[PDB]
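With ideal geometry, Cβ positions are generated from the backbone for all residues, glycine too; neighbour counts draw on all protein chains shown. Laboratory data are not the source of any read-out in this text; all were calculated from the coordinates shown.
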Amino acid sequence: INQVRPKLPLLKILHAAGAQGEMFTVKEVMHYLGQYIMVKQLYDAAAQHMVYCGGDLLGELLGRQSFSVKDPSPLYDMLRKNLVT
């Protein structure tokens, strides 16, 4: 498994969700990214699968006003541009 160092815009989100390190696994980043969604309550509570990330740095990072966890390929696209192998 490959260790990755998230860039500072994503390390900011990661630490906010409860992490502290600079070397992670993609599985960990994924875990903390959901933890962040919970703690900022970025989801529709009448559709908890639609994340509303627009007035939040996760939206600027993703370039998405909102997205569903049915298709987290946006997350994967954004990790490719914000993790250093």
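For residue 55, are the conditions met, namely being in contact with a helix residue (DSSP H, G or I) (Cβ under 8 Å, 6 or more places away or on another chain) and surrounded by fewer than 15 Cβ atoms within 10 Å (Cβ to Cβ)?
Taking the combined requirement at face value, the residue does not satisfy it.
Filter the range 1-43 for residues that are assigned to a strand (DSSP E or B) and either free of Cβ contacts under 8 Å to residues at least 12 places away in the same chain or charged (D, E, K, R) (or both) and give the result.
Result: 5, 43.
In the range 59-67, is there at least one residue being part of a strand (DSSP E or B), without any contact (Cβ under 8 Å) to a residue 40 or more places away in the chain and in contact with a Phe, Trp or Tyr (Cβ under 6 Å, 6 or more places away or on another chain)?
No, that holds for no residue.
Answer yes or no: is there a residue in the range 44-57 that is in a helix (DSSP H, G or I) and over 10 Å from the mean Cα position of the chain (by Cα).
No: the range 44-57 contains no residue that is in a helix (DSSP H, G or I) and over 10 Å from the mean Cα position of the chain (by Cα).
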